[PDB]
Amino acid sequence: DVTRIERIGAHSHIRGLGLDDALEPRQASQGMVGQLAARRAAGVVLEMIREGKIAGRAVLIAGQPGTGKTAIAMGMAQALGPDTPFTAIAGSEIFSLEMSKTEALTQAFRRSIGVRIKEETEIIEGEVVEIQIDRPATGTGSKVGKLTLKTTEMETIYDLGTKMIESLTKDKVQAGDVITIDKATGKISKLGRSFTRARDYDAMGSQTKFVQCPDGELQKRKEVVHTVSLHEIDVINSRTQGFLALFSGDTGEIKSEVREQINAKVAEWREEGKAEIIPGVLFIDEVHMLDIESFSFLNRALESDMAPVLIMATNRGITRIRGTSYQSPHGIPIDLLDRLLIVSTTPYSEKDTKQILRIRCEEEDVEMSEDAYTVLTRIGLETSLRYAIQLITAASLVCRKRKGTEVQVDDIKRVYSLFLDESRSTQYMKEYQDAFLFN
Amino acid sequence: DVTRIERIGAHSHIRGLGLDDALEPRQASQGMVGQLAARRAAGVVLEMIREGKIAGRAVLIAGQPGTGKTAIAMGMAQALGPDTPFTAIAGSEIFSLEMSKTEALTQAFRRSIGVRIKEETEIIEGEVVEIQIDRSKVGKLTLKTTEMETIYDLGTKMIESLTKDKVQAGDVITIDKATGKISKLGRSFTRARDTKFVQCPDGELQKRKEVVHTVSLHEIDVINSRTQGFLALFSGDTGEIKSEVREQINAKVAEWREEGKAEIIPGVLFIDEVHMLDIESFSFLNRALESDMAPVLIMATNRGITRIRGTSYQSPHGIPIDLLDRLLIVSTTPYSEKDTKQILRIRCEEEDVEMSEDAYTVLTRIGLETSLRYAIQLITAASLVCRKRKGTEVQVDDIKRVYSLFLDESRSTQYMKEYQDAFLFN
Amino acid sequence: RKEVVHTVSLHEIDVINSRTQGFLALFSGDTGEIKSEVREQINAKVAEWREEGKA
Amino acid sequence: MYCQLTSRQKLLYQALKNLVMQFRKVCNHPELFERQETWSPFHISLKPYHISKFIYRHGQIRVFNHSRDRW
Amino acid sequence: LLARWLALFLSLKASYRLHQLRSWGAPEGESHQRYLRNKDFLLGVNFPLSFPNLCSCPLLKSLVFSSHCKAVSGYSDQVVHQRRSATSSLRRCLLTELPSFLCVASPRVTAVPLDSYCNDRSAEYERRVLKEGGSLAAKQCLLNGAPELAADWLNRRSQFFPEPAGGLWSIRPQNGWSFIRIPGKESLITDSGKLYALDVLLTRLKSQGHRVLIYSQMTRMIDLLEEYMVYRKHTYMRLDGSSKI
Amino acid sequence: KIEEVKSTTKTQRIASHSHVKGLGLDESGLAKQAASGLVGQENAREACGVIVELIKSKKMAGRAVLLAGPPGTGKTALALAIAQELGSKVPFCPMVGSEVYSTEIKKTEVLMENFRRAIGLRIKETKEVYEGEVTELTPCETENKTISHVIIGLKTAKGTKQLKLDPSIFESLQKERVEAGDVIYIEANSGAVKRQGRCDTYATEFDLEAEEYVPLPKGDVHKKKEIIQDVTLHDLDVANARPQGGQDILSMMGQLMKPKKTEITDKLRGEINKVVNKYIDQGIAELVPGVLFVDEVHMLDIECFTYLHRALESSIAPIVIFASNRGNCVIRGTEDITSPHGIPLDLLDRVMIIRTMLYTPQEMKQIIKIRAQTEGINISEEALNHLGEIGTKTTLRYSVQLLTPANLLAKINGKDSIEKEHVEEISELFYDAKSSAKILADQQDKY
Amino acid sequence: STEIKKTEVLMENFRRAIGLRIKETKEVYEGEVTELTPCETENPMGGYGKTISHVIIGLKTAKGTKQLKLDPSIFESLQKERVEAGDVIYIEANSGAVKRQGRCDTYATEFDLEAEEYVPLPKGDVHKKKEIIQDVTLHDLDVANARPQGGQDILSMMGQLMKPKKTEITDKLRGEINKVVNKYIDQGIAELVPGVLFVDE
Amino acid sequence: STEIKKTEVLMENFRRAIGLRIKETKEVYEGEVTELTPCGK
Ligand SMILES: Nc1ncnc2c1ncn2[C@@H]1O[C@H](COP(=O)(O)OP(=O)(O)O)[C@@H](O)[C@H]1O
Ligand SMILES: Nc1ncnc2c1ncn2[C@@H]1O[C@H](COP(=O)(O)OP(=O)(O)O)[C@@H](O)[C@H]1O
Ligand SMILES: Nc1ncnc2c1ncn2[C@@H]1O[C@H](COP(=O)(O)OP(=O)(O)O)[C@@H](O)[C@H]1O
């Protein structure tokens with residue numbers, strides 16, 4: 001019935017790397033299964049990322065199409081967790097028309113260094129008993145007033161200041177409102193109405209659900225942790241009142257003098273203990289999309305002390321570097337490939353293939369017989385693994401449409417006849433070779 | 001001593017274009033040497049510029065790299081001097097992201113033709129002896145030169161100006177009588193007590209000064225383009241300037257020229273490395289050189305029979321025959337040994353360094369083995385090793401040391417053939 | 001006192017709805033990349049006016 | 001109780017290593033040696049760009065063409 | 001561009017009046033399935049998320065949170081604590097303004113806007129008018145937002161519940177408009193390891209409730225200690241030898 | 001009785017050149033064998049020695065050097081060694097060759113931004129300022145009425161003054177919402193106003209207000225001070241091109257709009273040059289011409305290379321350093337033309353080339369040692385010898401990159417130092433360019 | 001597109017293919033204002049000449065006439081709005097805001113010309129209520145957050161006189177919108193319809 | 001051009017080549033102003 005915005009996608013079953021505390025990969029844990037060599041290596045660089053002492057270290061994950069390069073990249077994203085920044089970029093995303101390639105990479109780097117700030121402030125959180133606002137008969141405008149607030153335990157009177165009076169009256173504050181005022185910020189906020197004073201009332205002044213009266217002492221502390229990237233610190237500093245640019249992305253090619261100055265002041269906030277710095281990860285997925293212009297930026301960007309730990313992934317053999325004639329490994333110039341460690345992934349056995357299909361069926365809420373798993377394991381070796389992962393839901397839906405409770409072997413043979421493997425479509429493309437366009 | 005922004009650069013030694021009245025170049029003077037053919041030719045072009053009467057004309061300075069083709073073009077600019085526009089660009093400087101490639105040449109052609117005018121102004125200048133004011137308003141001023149004094153009744157627009165700008169007794173000031181603007185020059189030495197200090201003006205207080213002024217023809221376009229034009233002159237916001245505005249301004253200046261209220265002063269465009277232009281840009285030079293407002297232009301190139309940019313066609317100089325037919329080509333020539341040593345002496349004067357006569361001989365050998373320019377770069381580095389040595393003078397073993405520290409292109413290329421697989425791409 | 005007939009092309013309704021003063025762009029030419037949400041709203045509204053008999 | 005020098009103090013402390021109360025002052029608080037100045041950007045003006053009276057009278061298309069511009 | 005601005009400012013007034021008429025009645029066709037009406041091509045109000053509907057609906061106003069003059073970081077969880085018992089609770093997904101101290105870059109140089117001097121009595125009035133701002137209508141339009149908003153702002157001291165200003169006066173950047181900087185008083189702590197150690201001892205001792213004396217050698221140091229002790233509002237007294245008997 | 005201390009502030013992060021501290025010369029200009037964190041390269045370090053003399057001489061304009069040699073030979077490390085040897089004062093402007101390809105301004109002009117950024121200037125700016133509590137604020141008016149003049153009363157611990165001020169300062173005070181009892185600072189050169197907050201004398205006049213109060217300022221109300229500014233010529237070029245300074249509606253507006261770059265006119269640099277030559281002739285200034293370093297120069301366009309001819313000859317221009325790592329490569333933007341170092345021969349005559357050697361195994365060991373005592377990690381002798389062994393087969397960077405992965409394995413099984421088995425195990429996980437290119441060329445049917 | 005990068009045109013269409021279906025009440029008071037009648041308390045508070053407990057606004061619609069009672073702060077706003085008896089007005093019951101539509105059409109003859117378009121009398125009761133099931137794509141939320149439309153600041157007016165432009169919306173705005181639509185989907189306030197993106201060619 | 005499409009630069013130049021020829025009398029008054037008197041009423 002209920003359905004949240006994030007749902008079951010191509011890696012949603014992965015929840016970590018499944019390593020023990022001795023940093024050895026378990027055969028099946030946290031959704032990862034098999035693939036020992038690359039999971040081991042990912043564990044080491046994850047530990048290097050949690051250590052964070054060293055800048056601009058990098059990794060390239062390589063191997064066949066459909067062999068868990070991106071699985072291991074998401075595995076370490078979940079093992080690293082939400083408190084430390086991980087930026088996923090597909091390599092095409094840097095080809096902006098708003099900004100040049102070296103800008104788009106400098107943003108992708110600096111979006112991946114977190115500055116973490118505790119904002120601790122004192123709040124008053126209470127139910128309004130009464131307010132008096134006093135206004136001159138004409139005069140210069142020296143407004144004055146008093147306000148009173150309650151909790152289920154305590155109440156008090158405040159003599160109001162001049163800027164407080166405009167911030168209160170701006171939000172139509174009234175008796176029976178429950179409000180939370182920040183003493184350092186000078187900002188009100190409204191939680192709702194209490195059930196009481198809203199009876200001594202008129203044709204409607206508001207319509208919302210009531211809130212219970214606040215408890216304990218009327219004045220109390222709040223604490224917030226912000227996680228602010230270097231990129232948004234640069235953007236906020238690019239133009240005064242620039243705060244909307246964080247969402248719209250419209251600030252192009254930021255002045256170098258901003259970055260030079262923020263690199264200093266972020267170091268000062270570490271030496272003051274005023275802010276933590278938490279270097280994170282940049283995952284440039286499909287990096288063989290970068291031009292040789294962009295790789296030559298990475299050669300000299302990836303040596304700044306503010307560089308994040310950088311992870312490439314790619315599936316290409318000896319192929320020419322995009323935007324040039326030259327053939328090279330992974331589609332990358334050796335100028336860069338000399339600088340970063342390569343983690344090598346491996347093809348899958350029957351055991352790994354069946355075990356991947358079984359953990360996928362668990363996350364998709366599917367029951368299948370061991371015979372249906374046997375034929376789907378065959379299909380996942382006669383054809384690439386992602387096609388088998390694409391028959392599972394179709395077979396569960398055909399099973400559901402005939403009102404079965406468990407997927408049988410002939411539900412998969414039905415679905416296999418219905419949705420084609422590439423190797424079968426590219427075979428039928430030979431009978432209709434006169435009818436398809438531009439062979 | 002202190003250093004201003006301009007320091008010793010690759011052409012600083014050239015202080016003119018050394019010529020006799022006959023337009024014959026003596027062997028070495030005004031800081032440059034040899035090139036007797038090319039410098040006699042540059043003398044004739046310098047007179048065509050200074051005469052101004054013939055419009056839309058071109059010279060191409062061509063020849064082997066390092067042969068002074070930028071040197072004579074830079075010396076010609078020093079010899080021409082102020083009071084005639086000269087403007088330089090490199091050929092890859094017209095490829096704007098923000099403006100048409102064809103319009104960028106149209107700006108370069110019209111930065112380099114000047115309009116000149118003269119205007120007369122009532123200017124008052126003097127030491128302010130005393131100033132007085134009341135609460136409309138009335139007030140009184142007194143001014144002094146070394147040769148007269150006056151008192152004056154002030155009007156209201158002056159009273160507000162003198163009081164706004166805090167003019168005080170003992171200042172020396174200039175008043176723009178037409179405009180009410182005050183410039184203060186300093187204080188009188190007799191009131192320097194209780195900073196800048198200066199003597200009173202000579203002559204009478206109120207002088208009807210004549211000012212001559214000059215505006216590039218393009219600089220009139222930018223003034224016309226926007227609610228305030230002149231900001232776009234400095235900030236570079238001038239772009240795609242509407243061609244009907246030029247169709248009016250060229251015709252307006254063409255009547256000021258003949259009603260005699262202005263005169264036009266043809267200048268120079270120096271479009272260096274001309275082989276960078278596309279065939280699209282040459283197609284503009286083909287036709288923009290055939291109108292009365294066109295300057296003389298100097299173009300410099302060092303290319304053989306070469307592919308012209310934007311096509312597969314090969315032609316002399318890297319320029320289409322289309323455009324070479326408009327113009328006169330002056331050839332530089334490769335230097336002899338005598339001229340090579342004499343350039344090295346003049347660079348040693350301009351960098352202020354002593355070196356041994358046999359040091360000049362081995363450096364001349366190096367120069368002839370490395371097409372001059374590399375030997376010129378060794379001069380400074382040799383003097384720095386001599387300074388490290390606490391030497392009085394550069395010796396042969398300072399040069400032989402520095403020749404092993406810094407490679408020329410030929411030895412660098414030869415060493416790159418030893419490790420040929422270690423460098424990337426081949 | 002009269003009713004009158006106007007003919008106005010669908011692009012003009014698309015431009016007028018693109019920004020607060022969009023009709024200036026009908027003459028200035030200075031508009032492009034109209035958001036697809038506007039064009040499909042104009043289909044629904046112009047079909048609706050035709051069913052309501054109003055256009 | 002022991003204290004490090006701060007990242008700013010270490011610079012001034014080395015300058016003193018390169019008169020003991022002049023030394024104590026910096027170690028105690030650097031505001032005893034030099035107070036942190038109220039910084040502000042460098043402020044500059046060019047010459048005003050001089051436009052001739054002749055160009056201002058006869059030289060703008062907004063003015064000399066106004067009778068045509070009406071049409 | 002002045003008439004552009006006034007015709008815009010009126011169009012926003014017209015939008016709220018149009019939205020009510022557009023959304024609360026359905027009287028078929030105006031002469032029985034015939035004839036359109038004034039404003040019928042303005043469809044920018046029919047979108048559910050358009051400003052009049054978004055302000056009339058109480059709830060969509062919370063899904064369009066990034067208003068143009070607030071420093072919103074995004075949503076976070078928050079923690080709140082009682083002073084007594086140290087009991088605390090968590091608030092799930094609430095808006096946050098960014099901290100008051102990320103705005104710290106500055107131009108190294110700030111030049112005066114360039115000005116064209118000219119040698120003529122008629123010409124110099126024109127640059128004067130430009131230095132003032134070239135009409136009181138256009139000046140009020142940028143400075144206070146529209147000429148009605150300026151006429152209102154001149155008397156808003158006499159009104160109980162005023163609207164926000166619309167102009168440049170609607171904006172207030174975290175440092176003000178000037179880049180000039182006076183050092184933040186926290187710097188007293190972070191410049192001295194002794195003063196940083198002292199602050200952790202005074203927070204230790206204040207939490208324990210002990211009464212404390214501080215001894216120093218230098219009256220210039222006692223000035224530094226006093227400015228710290230004032231800044232943290234500790235209560236303070238001093239008796240240097242320059243104090244009277 | 002008790003001893004107490006604390007320290008928990010994190011270090012600066014360790015980086016791929018942070019062990020470079022200088023050129024490691026002796027006073028003759030010879031290179032020491034291993035010093036300032038470097039090893040080897042004496043035939044290049046001596047030459048860089050002559051170039052740090054060349055920068056510190058100030059005399060030259062537009063001299064340029066090219067560091068050439070294979071990947072991993074230290075060319076960027078030597079360019080950083082030059083930067084460290086100059087210290088903080090002289091500007092060193094780093095750049096990467098692919099940064100010229102802006103989407104906002106032509107490639108040819110992005111180089112002039114860097115050329116104008118690599119010339120530094122120092123200024124004695126004698127500012128003067130008013131500050132204090134505003135005790136009075138009273139405007140004065142003139143005929144058709146409007147404001148004309150202003151009275152502001154200021155107070156400080158050392159006195160009070162009733163100032164007479166320009167109506168633009170009243171417009172500026174109104175903008176900052178200044179009122180009686182506020183503590184303010186006014187920069188009199190610039191019309192700029194900063195409102196700090198109400199004076200502490202009023203600190204409890206309300207139970208709630210949005211303010212944070214401040215102490216009454218010390219010294220006289222009106223005072224002047226000798227501020228020392230370090231600035232580049234580019235920072236003069238740009239500030240005049242889109243000015244945020246002054247107090248008018250136009251500057252206040254132009255500060256908010258998107259800060260696009262713009263193709264700065266030569267005439268503006270002519271004005272800045274004329275201005276700064278006056279500040280030098282007044283003795284207000286000092287000039288500090290520094291370095292522009294263009295790493296990866298080999299992919300500047302032939303547009304850029306042909307512009308560099310005119311730039312490096314300019315009597316204004318800074319000293320330049322290039323790096324390249326390429327053989328007889330095809331020059332980008334030409335398609336036809338092959339040349340040394342990816343650089344046109346026409347430019348290659350204008351640079352003093354410094355040649356960079358490859359390392360012997362016995363230099364690999366010494367860099368790896370110096371690197372390990374920079375990463376903060378301890379290593380046993382046969383383990384360090386095995387990184388050297390790997391360095392003979394693979395490349396210098398790879399033998400360095402194995403260090404901290406091995407240190408993690410060492411402390412994951414509780415050891416104090418890298419042992420050979422930790423390096424030997426790490427080499428089985430992390431392939432290099434050579435070994436990966438083998439398996440990738442064997443399996444080439446599947447990629 | 002010329003405005004924006006290829007991959008962002010795909011990412012925006014990936015966000016068009018997901019819809020909220022979000023249901024909310026509208027409640028409003030509307031009608032011709034028959035009278036504005038402030039109501040005093042015969043005892044004032046100490047030191048003041050007279051005091052008002054509430055304002056009565058008489059409102060008329062085709063279904064009837066009703067005296068609404070309102071707090072006295074309304075009278076300040078009813079002289080910001082230039083209201084006079086026989087205007088038609090509305091008040092947002094969820095918000096307390098008040099607005100003027102124009103003189104009521106019954107008076108469209110008291111001059112042969114007057115400079116306002118006359119408004120027909122509202123029909124239904126003086127107090128109106130309905131539910132509406134609104135629908136928005138996540139892409140509509142992406143644009144409405146990336147470029148706000150309320151005009152009470154110079155950045156918004158400048159940004160609305162300037163040409164509208166497609167902009168490369170950050171992964172952060174996508175992130176924050178995801179975080180808040182979860183806050184409402186968990187509360188049952190908002191339905192969600194994962195839709196379809198169809199690309200031909 | 002870099003601000004408009006190629007076909008627009010053709011169309012602008014095709015429209016520069018067609019002229020209107022409008023006749024009007026020039027009428028200049030000039031001199032010292034001796035008085036000003038303003039004279040709905
Ligand atoms: N070791 C693994 N354990 C679990 N699931 C895996 C594993 N390897 C791959 N997958 C799953 O199989 C599919 C293919 O992996 P993917 O990451 O997309 O391959 P790649 O990035 O290498 O091309 C995905 O659905 C992924 O979640
Ligand atoms: N005739 C000369 N007299 C003095 N110096 C010269 C002369 N010719 C060339 N030079 C010097 O030698 C350099 C090489 O000549 P140049 O004109 O720059 O050649 P090119 O333009 O082909 O690169 C000059 O820049 C200048 O330093
Ligand atoms: N001579 C050296 N002394 C110290 N460190 C060096 C030296 N040569 C190379 N390195 C180090 O080895 C690595 C490779 O050198 P680098 O400058 O990055 O090579 P490249 O010029 O090809 O880009 C860097 O970590 C660098 O600091």
# chains A, B, ... in the order shown; residues from 1 in each chain; ligands from 1
>>> residues_around(residues="segment 81-84 of chain G", least_positions_apart="2", cutoff="9 Å", atoms="only C-alpha atoms", output="PyMOL selection string")
chain G and resi 33+35-36+76-79+86-89+98-100+102-103
>>> write_last_selection(atoms="N, CA and C atoms", output="tab-separated table (two decimals), in the first residue's frame")
chain	number	residue	atom	x	y	z
G	33	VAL	N	-19.14	43.37	0.44
G	33	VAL	CA	-19.13	43.94	1.79
G	33	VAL	C	-20.25	44.95	1.98
G	35	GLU	N	-21.37	46.18	5.13
G	35	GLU	CA	-20.92	47.18	6.10
G	35	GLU	C	-19.62	46.75	6.79
G	36	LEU	N	-18.82	47.71	7.23
G	36	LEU	CA	-17.71	47.49	8.15
G	36	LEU	C	-18.04	48.18	9.46
G	76	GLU	N	-6.67	47.34	9.76
G	76	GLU	CA	-5.44	47.90	9.20
G	76	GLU	C	-5.31	47.49	7.72
G	77	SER	N	-5.45	46.19	7.43
G	77	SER	CA	-5.38	45.66	6.06
G	77	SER	C	-6.52	46.16	5.17
G	78	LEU	N	-7.72	46.37	5.73
G	78	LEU	CA	-8.86	46.98	5.04
G	78	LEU	C	-8.77	48.51	4.89
G	79	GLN	N	-7.60	49.11	5.15
G	79	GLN	CA	-7.23	50.39	4.55
G	79	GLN	C	-5.86	50.37	3.86
G	86	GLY	N	-19.95	47.95	-0.69
G	86	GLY	CA	-20.32	47.52	-2.04
G	86	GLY	C	-19.16	47.06	-2.93
G	87	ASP	N	-17.92	47.05	-2.43
G	87	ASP	CA	-16.89	46.17	-2.99
G	87	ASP	C	-17.24	44.70	-2.79
G	88	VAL	N	-16.70	43.80	-3.61
G	88	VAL	CA	-16.66	42.36	-3.32
G	88	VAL	C	-15.23	41.95	-2.99
G	89	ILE	N	-15.10	41.20	-1.90
G	89	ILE	CA	-13.84	40.86	-1.24
G	89	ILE	C	-13.81	39.39	-0.87
G	98	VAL	N	-6.81	38.96	3.53
G	98	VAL	CA	-7.98	39.56	2.85
G	98	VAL	C	-7.57	40.28	1.56
G	99	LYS	N	-8.41	40.21	0.53
G	99	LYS	CA	-8.16	40.76	-0.82
G	99	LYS	C	-9.43	41.38	-1.40
G	100	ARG	N	-9.29	42.43	-2.21
G	100	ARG	CA	-10.39	43.12	-2.92
G	100	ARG	C	-10.46	42.69	-4.38
G	102	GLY	N	-13.12	44.03	-6.65
G	102	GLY	CA	-13.67	45.19	-7.37
G	102	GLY	C	-15.07	45.58	-6.87
G	103	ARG	N	-15.65	46.68	-7.35
G	103	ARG	CA	-17.05	47.01	-7.04
G	103	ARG	C	-17.98	45.94	-7.58
>>> select_by_dssp(residues="segment 5-225 of chain F", states="helix (DSSP H, G or I)", output="MDAnalysis selection string")
chainID F and resid 42:56 75:86 97:100 107:117 167:175 200:202
>>> residues_near_ligand(ligand="ligand 2", cutoff="8 Å", atoms="only C-alpha atoms and all ligand atoms", output="MDAnalysis selection string")
(chainID B and resid 10:11 13:14 28 31:35 63:73 300:302 343 346:347 372:373 376) or (chainID F and resid 309 313 346)
>>> interface_residues(of="chain A", to="chain E", cutoff="9 Å", atoms="only C-alpha atoms", output="ChimeraX atom specification")
/A:117,119,123,133-143,166,169-170,172,185,207-208,216-217,219-226,228,233-234,236-238,240-244,246-247,257-259,261-262,265,271-273
>>> residues_near_ligand(ligand="ligand 3", cutoff="7 Å", atoms="only C-alpha atoms and all ligand atoms", output="list in words")
residues 16, 17, 20, 37, 38, 39, 40, 41, 70, 71, 72, 73, 74, 75, 76, 77, 78, 325, 367, 396 and 397 of chain F
>>> write_last_selection(atoms="C-alpha atoms", output="PDB file, in the first residue's frame")
ATOM      1  CA  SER F  16      51.377  13.766  -3.301  1.00  0.00           C
ATOM      2  CA  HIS F  17      54.009  16.615  -3.079  1.00  0.00           C
ATOM      3  CA  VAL F  20      58.920  18.847  -1.232  1.00  0.00           C
ATOM      4  CA  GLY F  37      62.889  16.202   0.740  1.00  0.00           C
ATOM      5  CA  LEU F  38      64.175  15.673  -2.870  1.00  0.00           C
ATOM      6  CA  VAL F  39      66.595  13.115  -4.398  1.00  0.00           C
ATOM      7  CA  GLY F  40      68.555  12.897  -7.682  1.00  0.00           C
ATOM      8  CA  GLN F  41      67.802  15.143 -10.717  1.00  0.00           C
ATOM      9  CA  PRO F  70      58.833  10.962 -18.923  1.00  0.00           C
ATOM     10  CA  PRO F  71      55.862  10.518 -16.542  1.00  0.00           C
ATOM     11  CA  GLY F  72      56.932  10.091 -12.882  1.00  0.00           C
ATOM     12  CA  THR F  73      60.241  12.022 -13.295  1.00  0.00           C
ATOM     13  CA  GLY F  74      59.346  14.806 -10.787  1.00  0.00           C
ATOM     14  CA  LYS F  75      58.642  17.809 -13.135  1.00  0.00           C
ATOM     15  CA  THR F  76      55.656  19.001 -11.085  1.00  0.00           C
ATOM     16  CA  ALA F  77      57.667  18.251  -7.889  1.00  0.00           C
ATOM     17  CA  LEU F  78      60.549  20.480  -9.131  1.00  0.00           C
ATOM     18  CA  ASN F 325      55.662  14.513 -20.615  1.00  0.00           C
ATOM     19  CA  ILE F 367      62.177   8.486  -2.497  1.00  0.00           C
ATOM     20  CA  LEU F 396      57.801   5.027  -9.146  1.00  0.00           C
ATOM     21  CA  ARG F 397      54.210   6.159  -8.436  1.00  0.00           C
TER      22      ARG F 397
END
>>> closest_atom_pairs(of="chain G", to="chain E", cutoff="6 Å", atoms="only C-alpha atoms", output="Markdown table")
| residue | atom | partner | partner_atom | distance |
| --- | --- | --- | --- | --- |
| G:101 | CA | E:17 | CA | 5.6 |
| G:145 | CA | E:64 | CA | 5.2 |
| G:152 | CA | E:166 | CA | 4.3 |
| G:153 | CA | E:166 | CA | 4.5 |
| G:154 | CA | E:167 | CA | 5.3 |
| G:176 | CA | E:74 | CA | 5.7 |
>>> residues_near_ligand(ligand="ligand 1", cutoff="9 Å", atoms="only C-alpha atoms and all ligand atoms", output="MDAnalysis selection string")
chainID A and resid 9:14 28 31:36 39 61:75 285:286 313:315 345 348 352:353 355:357 359:360 385:386 389:390
>>> atom_distance(atom1="atom CA of residue 394 of chain F", atom2="atom CA of residue 333 of chain A")
16.3 Å
>>> residues_around(residues="segment 199-209 of chain F", least_positions_apart="3", cutoff="8 Å", atoms="only C-alpha atoms", output="ChimeraX atom specification")
/A:158-164,183,186 /F:133,181-183,213-216
>>> residues_around(residues="residue 35 of chain C", least_positions_apart="3", cutoff="10 Å", atoms="only C-alpha atoms", output="JSON, numbers by chain")
{"C": [14, 17, 18, 32, 38, 39, 40], "G": [164, 165, 166]}
>>> interface_residues(of="chain B", to="chain H", cutoff="9 Å", atoms="only C-alpha atoms", output="list in words")
residues 97, 98, 99, 100, 101, 102, 103, 239, 240 and 244 of chain B
>>> closest_atom_pairs(of="chain B", to="chain F", cutoff="6 Å", atoms="only C-alpha atoms", output="CSV")
residue,atom,partner,partner_atom,distance
B:4,CA,F:277,CA,5.6
B:5,CA,F:316,CA,5.7
B:6,CA,F:316,CA,4.9
B:7,CA,F:315,CA,5.4
B:8,CA,F:60,CA,5.1
B:9,CA,F:315,CA,4.3
B:10,CA,F:313,CA,5.0
B:90,CA,F:307,CA,5.9
B:92,CA,F:303,CA,5.0
B:93,CA,F:108,CA,5.8
B:96,CA,F:106,CA,5.1
B:97,CA,F:106,CA,5.0
B:234,CA,F:268,CA,5.1
B:235,CA,F:241,CA,4.5
B:236,CA,F:264,CA,5.1
B:405,CA,F:47,CA,5.5
B:406,CA,F:354,CA,5.3
B:407,CA,F:353,CA,5.1
B:422,CA,F:70,CA,5.6
B:423,CA,F:70,CA,4.6
B:424,CA,F:326,CA,4.7
B:425,CA,F:329,CA,5.5
B:426,CA,F:328,CA,4.6
>>> atom_distance(atom1="atom CA of residue 96 of chain F", atom2="atom CA of residue 56 of chain F")
24.0 Å
>>> atom_distance(atom1="atom CA of residue 360 of chain B", atom2="atom CA of residue 387 of chain B")
17.9 Å
>>> residues_around(residues="segment 80-88 of chain A", least_positions_apart="4", cutoff="6 Å", atoms="only C-alpha atoms", output="MDAnalysis selection string")
chainID A and resid 76 112 280:283
>>> interface_residues(of="chain A", to="chain G", cutoff="8 Å", atoms="only C-alpha atoms", output="PyMOL selection string")
chain A and resi 2-5+92-93+95-98+202-208+244+246-250
>>> residues_around(residues="residue 317 of chain A", least_positions_apart="3", cutoff="9 Å", atoms="only C-alpha atoms", output="ChimeraX atom specification")
/A:63,328-331 /F:437,440-441,443-447
>>> closest_atom_pairs(of="chain C", to="chain G", cutoff="9 Å", atoms="only C-alpha atoms", output="Markdown table")
| residue | atom | partner | partner_atom | distance |
| --- | --- | --- | --- | --- |
| C:18 | CA | G:164 | CA | 8.1 |
| C:19 | CA | G:164 | CA | 6.8 |
| C:20 | CA | G:160 | CA | 7.0 |
| C:21 | CA | G:161 | CA | 7.8 |
| C:30 | CA | G:163 | CA | 8.2 |
| C:31 | CA | G:163 | CA | 7.6 |
| C:32 | CA | G:3 | CA | 8.9 |
| C:33 | CA | G:3 | CA | 7.6 |
| C:35 | CA | G:166 | CA | 8.5 |
| C:37 | CA | G:140 | CA | 8.7 |
